[PDB]
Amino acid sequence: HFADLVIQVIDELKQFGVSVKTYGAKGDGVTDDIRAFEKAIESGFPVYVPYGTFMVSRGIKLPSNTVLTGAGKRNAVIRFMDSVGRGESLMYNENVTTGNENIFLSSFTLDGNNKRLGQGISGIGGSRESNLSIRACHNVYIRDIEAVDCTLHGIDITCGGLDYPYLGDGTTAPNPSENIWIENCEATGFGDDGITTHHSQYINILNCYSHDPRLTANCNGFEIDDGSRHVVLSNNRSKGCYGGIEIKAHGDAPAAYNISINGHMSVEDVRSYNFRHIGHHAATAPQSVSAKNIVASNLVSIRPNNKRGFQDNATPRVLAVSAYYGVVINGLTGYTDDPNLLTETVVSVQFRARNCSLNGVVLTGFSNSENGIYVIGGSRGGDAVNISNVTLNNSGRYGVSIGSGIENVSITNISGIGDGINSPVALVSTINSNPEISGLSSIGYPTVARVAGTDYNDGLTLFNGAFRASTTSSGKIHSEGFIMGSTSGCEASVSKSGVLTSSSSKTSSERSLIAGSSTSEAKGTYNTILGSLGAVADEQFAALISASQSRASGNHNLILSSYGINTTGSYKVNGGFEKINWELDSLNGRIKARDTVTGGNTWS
């Protein structure tokens, strides 16, 4: 009775706000405390949850402008009673359809008591039965919450409605959640995903730990799902899930877009980083209009495996990209100490993934996998895959393998050690004949580069398109042409034409070369102009060597050592000075001089 009076004084002090115990909460692990929570929450004061295990017979419903703070994880614990039926998340905002505003949740454990339902049980339908569900809310801060024994998800951010909407690709669901911060939270023992987002935007997930789902379906640590956009994940860890971070959508929904991963650590997940859009992977169906923009950096993947048998024994991956446009990966380290856990492909880019770049990758220990990096395309216009600055330490019988449908690949600065690999084949392999490649270095791979069946073991540099080097300006260069070592005014405008070491010299001659020349022009076919000034070759097989101010216009007509002559004869070699002075006539077997032809000569 005296104690009651002292407590009344303490309560009135409101040192933390109002304690739930002030409204009758026992926190004794037995008594139903729901009414105390509802009373405290409806009072308008910030609510404090002190030490205890606070049992509730139904979900805790949160109105707008709620502050709910506990004494800390495994200190303040909130828990469903054994007798609770189906349908409710443990904690969720009051207005399920159009949402609430300004909800600040901190420092307690949510224990969903899934075990009360027996084993192997997940959510009854849609977004129902997570530990924490936030639906259509603006301005929600979720901090230092531990979510355990969850029926559906640990923490779910979604749009209005108990069900998830399936409106088709290219849509935006009404009533998104917006401005959400999830920090220093933990999710484990969940039936679907640890921390997940749907149909919501402007979300930061920082320093959280999601691990060990109860089930072996599509059970992910962090699941950026249907309708998500404008999300940052940073410095989180996942462990022992299917996907570490999954970014996706189901088929009848828009894929998450514009997602940033600013560092992550994945420990013994199946597919550490798994980006996909279900239903938008086949070549015979349209591209996803939603699956776009993922920038992911400083990614760690450790011992990816499928010991638990997730997803019908799906094969492990450090990284798997499918469906998405515009995925940029920078700074990826994959490490394993057990060669038998992942034996197919370490990193895959396939199934309509397009315009993807990988830079700064180290893959170590995958000595019984078939491929380190494996890429497949669809011969799509404007597509590209860039792979640079990759080092492989006993990872992949094929280090970097490029398959069919890839027309635009850049592969630069790849190195590999294959001495510890079970039956290595090639550091780099391509199906397509025209990859761009440079900077390959290897030891212990029998072949370094296999390009469309041809092996290169002593280094290679391959570039595509019109080529120009050591020339500061030029006119047009054909894609099967080149200009090198020249000054201004040159052009090599047709297939198989080129200019070397020249000035103001142009070729429009299919199968031709101009070298060492000035103000010269080739415009027939099979033309050669060498060491000449003001030379023109304008007929098939016409040529000039060491000639000035001369034009060879004959079929197979070659001019040598001449100035100021124009020749038109077929199969003739000519020379002269201001006029034709000799001829070797291959056609008729005649030799002609303007002056004399003589034997018995000396040169003294």
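Numbers follow the displayed sequence, beginning with 1.
Engineer: Out of 25 to 33 and 556 to 564, which one has CA B-factors that are higher on average in the deposited record?
Structural biologist: Looking at the record's C-alpha B-factors, the answer is 25 to 33.
Engineer: In the PDB record, does 111 to 119 or 332 to 340 carry the higher mean Cα temperature factor?
Structural biologist: 111 to 119 has the higher mean C-alpha B-factor.
Engineer: Quick one: which of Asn389, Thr97, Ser497, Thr471 has the biggest Cα B-factor according to the entry?
Structural biologist: Highest C-alpha B-factor among the listed residues goes to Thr97.
Engineer: In terms of CA temperature factor as recorded, identify the highest of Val573, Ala543, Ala547, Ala40.
Structural biologist: Max CA B-factor in the entry, restricted to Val573, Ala543, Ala547, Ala40: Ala40.
Engineer: What third of the chain does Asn75 rank in for C-alpha temperature factor, lowest, middle or highest?
Structural biologist: CA B-factor rank for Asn75: highest third.
Engineer: Thinking about Cα B factors across the chain, which third does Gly459 belong to?
Structural biologist: CA B-factor rank for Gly459: middle third.
Engineer: Sort the modelled residues of this chain by their C-alpha B factor and say whether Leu167 lands in the lowest, middle or highest third.
Structural biologist: It belongs to the highest third of the chain when residues are ordered by C-alpha B-factor.
Engineer: What third of the chain does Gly378 rank in for C-alpha temperature factor, lowest, middle or highest?
Structural biologist: Highest third.
Engineer: Using the B-factor values recorded in the entry, state whether the Cα atom of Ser133 falls in the lowest, middle or highest third among the modelled residues of its chain.
Structural biologist: Within its chain, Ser133 is a middle-third residue by C-alpha B-factor, going by the deposited values.
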